[PDB]
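When you line the sequence shown up against the authors' numbering, it's residues 36 to 501, 515 to 813, in that order.
Just so you know, even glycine gets a beta-carbon here, dropped at the ideal spot from N, CA and C.
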Amino acid sequence: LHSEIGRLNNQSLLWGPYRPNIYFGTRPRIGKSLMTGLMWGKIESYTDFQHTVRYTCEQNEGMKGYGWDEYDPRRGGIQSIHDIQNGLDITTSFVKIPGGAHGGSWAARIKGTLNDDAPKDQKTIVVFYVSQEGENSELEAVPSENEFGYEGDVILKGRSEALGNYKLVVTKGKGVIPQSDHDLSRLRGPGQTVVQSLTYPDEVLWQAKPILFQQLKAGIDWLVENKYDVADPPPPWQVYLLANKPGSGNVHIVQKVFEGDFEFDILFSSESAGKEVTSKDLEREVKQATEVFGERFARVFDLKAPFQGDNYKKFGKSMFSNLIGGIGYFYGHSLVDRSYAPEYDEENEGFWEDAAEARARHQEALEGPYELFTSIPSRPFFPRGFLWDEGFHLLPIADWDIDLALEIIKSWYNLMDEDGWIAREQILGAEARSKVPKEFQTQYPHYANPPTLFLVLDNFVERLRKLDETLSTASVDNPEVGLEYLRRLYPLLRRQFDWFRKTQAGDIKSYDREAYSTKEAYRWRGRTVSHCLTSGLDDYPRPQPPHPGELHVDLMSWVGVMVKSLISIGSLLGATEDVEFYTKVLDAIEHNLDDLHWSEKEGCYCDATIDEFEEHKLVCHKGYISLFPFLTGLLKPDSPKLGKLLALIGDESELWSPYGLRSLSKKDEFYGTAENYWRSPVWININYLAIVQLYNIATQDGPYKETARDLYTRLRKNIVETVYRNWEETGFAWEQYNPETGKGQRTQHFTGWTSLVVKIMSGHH
Ligand SMILES: Cc1cc(NCc2ccc(CN3C[C@H](O)[C@@H](O)[C@H](O)[C@H]3CO)cc2)cc(-c2cccnn2)c1
Ligand SMILES: Cc1cc(NCc2ccc(CN3C[C@H](O)[C@@H](O)[C@H](O)[C@H]3CO)cc2)cc(-c2cccnn2)c1
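Put into structure tokens, the structure is as follows:
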């Protein structure tokens, strides 16, 4: 029954618009297979189309906004694109139709509506780009009846081992097709749909814009050779219309020119299924997906007071659909330094300089290939897997579809090497690499990231202990299934645990350091003078200078999260020897969090260094770091330490802004200094942990119950309303929010852990 749920999930999720780095495209969860992408741009001149054409996601003055209005990766969804430069409102509707042995069928409708500011006679070029990778696979455009291109539909017939036989149809569509009266129309036709069928080496098929432009430039070179010149030029849209040459190859370019509004369908028909997919099929499945998406949202994300209203419901659907809509499939090599240079052990003073010397040897090499199925922080800016981000992204996804979330956890944990290391940043394949400078690509096997994926496992464990509809919840509704999932992953969880304790260990025994445990102390590897990137709080102030004697209260707290998960999953698997080891490790962390990290003088937790005089010194910087034992659920509800953190959290002069908790206190010497990334702004991910723990205390007999209930109520309201106001004003989820103005700032389309707001609104933790 585990391998049967497996096959039905594999097949449910195979197809999707799993190219979030582009406005619209499709690929299956297979490295070397069939991919599609959409391009469009207005053409007003002989030189503008190269600047107007759209393919990879960006965010600038020329784009008002874009995102999924609805999405469920089992069924499909609807994307809205609002393009100022090209004067177009586009809708891309994608739908999956189960059937056959090959992951089923799909269809997509592309609809462009010129906005009021667009010239009514605007010429828009639309390209549907189709590529297929693999040694023993075939794809052929069926030639038209007409000389110069297609009056009707374009049919591609293809085959591969992975997909079997399939047809991909690009329909004629609705919309005026411009007609040239020029001489050139005798050789190129007056204007029609055209297809170029080409071949390139498999590994460059993803370079769709260069490949298209090489064919367009070749068309213009032919105009010059053949005496079409400035005395009497063809209209621009005809100069940029490829010569029809359908055939067989691994790249097929389908080009249309429309005057005014346009629409066309893409119909992918898996031959192993019954009858082929039609446009009437597309419209019915799109209608049904919407109904289902609507019914599930109302049950899964029942927004409670004061966000019961319809305005908060549209907001919630946008933040949720953009988060789950960001899901990509990535395949390729990553760039890893496998030297394990001894400079990486960082056991000297001034270690950052040594590690820089080791990096400057550039022993990093490509390895893999790897695959990853994951949601992402931002389509235009960070369209790839970030390890601790994915913990946050999967909390609302798991509500929607626990089986989906477990697939993504499996996918991430299938990347873990023999030592227990998953790279914090998954840049898979030359396409993923195109977006990232060489210097920033290299992953380092000593660099950790918070194990936030354990929090998703914690939520799945609570659910377990207490056919698209069915598949979504098969891993909870069938307890034998849930347990086998945990049985297979458990070894990898323990491996990661051991790897933290071997590679991210702090030094007690070597200094004047008294503490209940000689063992429990942690220090993030990878820290520079001004940064600690591996903690995830890039520029949060840490001991100066950095020092092999540093201890990091956030890292110890994360190891705490890990043991508590290992306890529950070990218990469930009767792993008695382990459950007794973890229990003794948890007890030592509880004691050592107090002994190495509690400041009675300051009333909070603090990181620690070693002095110019070789003794333990607390370095206190009041902010997120200071709260970490509380954020991570480690403190008993009667703890006086908790009571002092509740005071700091509520204190307007320190962390409490009208807009949420400040990353750093207004009192800290480093508030609003340097790049000011985690040195004052409000971050939704850390506020969400705060909101969850205030609720935990608020729904329990104890001395702080009422203080917690008040802070929970107000913080939930502040965070939700701040993100809601910015969404209403700008259309965007943002990375971070300004505690002075409430403005969203830095990275837009940040869905992204900012989408946690859906879960905050729905409460009932
Ligand atoms: C082309 C290029 C690449 C890179 N890569 C580095 C990078 C990657 C991702 C983030 C976002 N984010 C930061 C959070 O603190 C992390 O906790 C979080 O996990 C990650 C992921 O959501 C921040 C920096 C940065 C810039 C850039 C632009 C402007 C200024 N400085 N840098 C440009
Ligand atoms: C004031 C402000 C704005 C924003 N906007 C988000 C952002 C993200 C990354 C880029 C870079 N960009 C990314 C593209 O993926 C590339 O294709 C492109 O080549 C490069 C160009 O070098 C540009 C904007 C981010 C920060 C910030 C602050 C601290 C840390 N991280 N980010 C601050």
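(1) Would the beta-carbon of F421 be found less than 6 Å away from any heavy atom of ligand 1?
(2) Report all residues from its chain with a CB closer than 7 Å to the CB of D686; omit the five preceding and five following residues, and keep chain order.
(3) What did DSSP end up calling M70 once you bin it into helix, strand or coil?
(4) Considering only their Cβ atoms, is the gap separating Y185 from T228 smaller than 7 Å?
(5) Let me check you understand the geometry: is the CB of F475 closer than 6 Å to at least one non-hydrogen atom of ligand 1?
(6) Can you tell me whether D602 sits near ligand 1, meaning its C-beta is under 6 Å from at least one heavy atom of the ligand?
(7) Output the distance between the C-alpha atoms of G187 and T206, rounded to the nearest integer angstrom.
(8) On the three-state DSSP scale, how would you describe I119?
(9) Quick check on the DSSP output: the alpha helix (DSSP H) that includes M610 runs from which residue to which?
(10) Name the two residues that bound the continuous alpha helix (DSSP H) containing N357.
(11) Helix, strand or coil: how does DSSP classify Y405 here?
(12) Can you list, in chain order, the residues of its chain whose CB lies under 6 Å from that of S47, leaving out five sequence neighbours each side?
(13) Measure the C-alpha to C-alpha separation of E568 and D716 and round it to an integer number of angstroms.
(14) Using the three-state DSSP reduction, which class does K632 fall into: helix, strand or coil?
(15) Note the first and the last residue of the continuous beta strand (DSSP E) segment covering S369.
(16) In the DSSP output, which residue or residues are listed as bridge partners for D107?
(17) Give the single residue among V289, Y564, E170 whose Cα lies nearest to the Cα of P236.
(18) Among the candidates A395, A467, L317, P480, whose CA atom is the shortest distance from the CA of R373?
(19) Considering only the beta carbon of each residue, do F183 and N279 sit closer than 7 Å?
(20) Using a Cβ-Cβ cutoff of less than 7 Å, which residues in the same chain neighbour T325 once the five nearest sequence positions on both sides are dropped?
(21) Which residues does DSSP pair with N383 in a beta bridge?
(22) Taking 6 Å as the line, does the beta carbon of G584 fall inside it for any heavy atom of ligand 1?
(23) Look up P52 in the DSSP assignment and say whether it is helix, strand or coil.
(24) Using the rule of at least 16 other Cβ atoms within 10 Å of the residue's Cβ for burial, across every protein chain shown, is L534 buried or exposed?
(25) Please report the straight-line C-alpha distance between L737 and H812, rounded to a whole angstrom.
(26) Which partner residues does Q231 have in the DSSP bridge list?
(27) Can you list the alpha helix (DSSP H) stretches of 4 or more residues lying completely in the segment 678–755, in chain order?
(28) Which residue from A433, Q231, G360, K77 puts its Cα closest to that of residue 507?
(29) With a threshold of 6 Å, establish whether the CB of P412 neighbours any heavy atom of ligand 1.
(30) Let me make sure I understand the geometry here. Which of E783, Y785, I767, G790 has the alpha-carbon closest to that of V806?
(31) I'd like to confirm the pairing. Which residues does DSSP put opposite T127 in its beta bridges?
(32) Fully enclosed by the segment 398–473, which beta strand (DSSP E) runs are 3 residues long or longer?
(33) Please list, in chain order, all residues of the same chain as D152 whose beta carbon is under 7 Å from its beta carbon, the five residues on each side excluded.
(34) Distance, Cα to Cα, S307 vs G138?
(35) Assess contact between the segment 85–95 and the segment 339–348, defined as three or more Cβ pairs (one per stretch) separated by less than 8 Å. Is contact present?
(36) According to DSSP, is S215 helix, strand or coil?
Taking the coordinates as given:
(1) Position 386 of the sequence shown, counting from 1, holds the residue named residue 421. Distances between the C-beta of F421 and the heavy atoms of ligand 1 include at least one below 6 Å.
(2) Walking along the sequence shown from the start, residue 686 turns up at place 638. Here the set comprises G750, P751.
(3) Counted from its first residue, the sequence shown places residue 70 at position 35. In this structure, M70 counts as strand in the three-state DSSP scheme.
(4) Within the sequence shown, the letter at position 193 stands for residue 228. Within the sequence shown, the letter at position 150 stands for residue 185. In this structure, the beta-carbon distance from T228 to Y185 falls below 7 Å.
(5) The count along the sequence shown starts at 1 and reaches residue 475 at position 440. Flag set: Cβ of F475 near ligand 1.
(6) As a working note, residue 602 is residue 554 in the sequence shown. Result no, Cβ not under 6 Å from ligand 1.
(7) In the sequence shown, counting from the first residue as 1, residue 187 sits at position 152. In the sequence shown, counting from the first residue as 1, residue 206 sits at position 171. Taking the straight line from one Cα to the other gives about 7 Å.
(8) Within the sequence shown, the letter at position 84 stands for residue 119. Coil.
(9) In the sequence shown, counting from the first residue as 1, residue 610 sits at position 562. In this chain, the alpha helix (DSSP H) harbouring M610 covers 601–620.
(10) One-based indexing of the sequence shown puts residue 357 at position 322. Run containing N357: 345–360, per the alpha helix (DSSP H) assignment.
(11) Position 370 of the sequence shown, counted from the first residue, corresponds to residue 405. DSSP places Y405 within a strand segment (E or B) once states are collapsed to three.
(12) As a first step, residue 47 is located in the sequence shown; it is residue number 12 there, counting from the start. Contacts found: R109, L519.
(13) Here residue 568 is taken as the residue at index 520 of the sequence shown, counted from 1. Here residue 716 is taken as the residue at index 668 of the sequence shown, counted from 1. For the pair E568 and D716, the Cα-to-Cα distance works out to about 28 Å.
(14) Your numbering for residue 632 matches position 584 in the sequence shown. Looking at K632 - three-state DSSP - the assignment turns out to be helix.
(15) Reading the sequence shown from its first residue, position 334 is the one you call residue 369. If you look at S369, you'll find it in the beta strand (DSSP E) that goes 363–372.
(16) Here residue 107 refers to the residue found at position 72 of the sequence shown. Answer is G111.
(17) On the sequence shown, position 201 is the one that residue 236 refers to. Checking every option, the nearest Cα to that of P236 belongs to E170.
(18) As a first step, residue 373 is located in the sequence shown; it is residue number 338 there, counting from the start. Among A395, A467, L317, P480, the Cα nearest to that of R373 belongs to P480.
(19) Numbered from its first residue, the sequence shown carries residue 183 at position 148. Numbered from its first residue, the sequence shown carries residue 279 at position 244. Yes. Within cutoff.
(20) In the sequence shown, counting from the first residue as 1, residue 325 sits at position 290. If we look at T325 and ignore the five residues flanking it on each side, its Cβ neighbours are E105.
(21) Looking up residue 383 in the sequence shown gives position 348. The partner list for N383 (beta bridge, DSSP) is empty, contrary to what the question assumes.
(22) What you label residue 584 is simply residue 536 of the sequence shown in a count that begins at 1. Checking every heavy atom of ligand 1 against the Cβ of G584, one is found closer than 6 Å.
(23) By 1-based counting over the sequence shown, the position of residue 52 is 17. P52: strand per DSSP, three-state reduction.
(24) Mapped onto the sequence shown, residue 534 falls at position 486. With 16 or more other CB atoms across the displayed protein chains lying within 10 angstroms of its CB, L534 is buried.
(25) Sequence index remark: in the sequence shown, residue 737 carries index 689 (1-based). Sequence index remark: in the sequence shown, residue 812 carries index 764 (1-based). Their backbone Cα atoms lie some 14 Å apart in a straight line.
(26) Counted from its first residue, the sequence shown places residue 231 at position 196. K280, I288.
(27) Counting whole runs of 4 or more residues, the segment 678–755 contains the alpha helix (DSSP H) stretches 688–698, 732–746.
(28) Coordinates for residue 507 are absent, as the chain skips straight from 501 to 515.
(29) Here residue 412 refers to the residue found at position 377 of the sequence shown. Yes, since a heavy atom of ligand 1 falls inside the 6 Å radius drawn around the Cβ of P412.
(30) Within the sequence shown, residue 806 is the residue found at index 758, counting from 1. Comparing Cα-Cα distances from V806 to each of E783, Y785, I767, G790, the minimum goes to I767.
(31) What you label residue 127 is simply residue 92 of the sequence shown in a count that begins at 1. The partner list for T127 (beta bridge, DSSP) reads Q114, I145.
(32) Annotation note: the segment 398–473 contains the following uninterrupted beta strand (DSSP E) runs of length 3 or greater, listed N- to C-terminal: 399–409.
(33) As a working mapping, residue 152 is identified with position 117 in the sequence shown. The beta carbon of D152 sits closer than 7 Å to those of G122, all from its chain and outside the five residues before and after it, given in chain order.
(34) Position 272 of the sequence shown, counted from the first residue, corresponds to residue 307. Position 103 of the sequence shown, counted from the first residue, corresponds to residue 138. Each residue's Cα considered, the two are about 10 Å apart.
(35) Put simply, the segment 85–95 does not touch the segment 339–348. Fewer than three CB pairs are less than 8 Å apart.
(36) Residue mapping note: residue 215 aligns to position 180 of the sequence shown, counting from 1. Coil.
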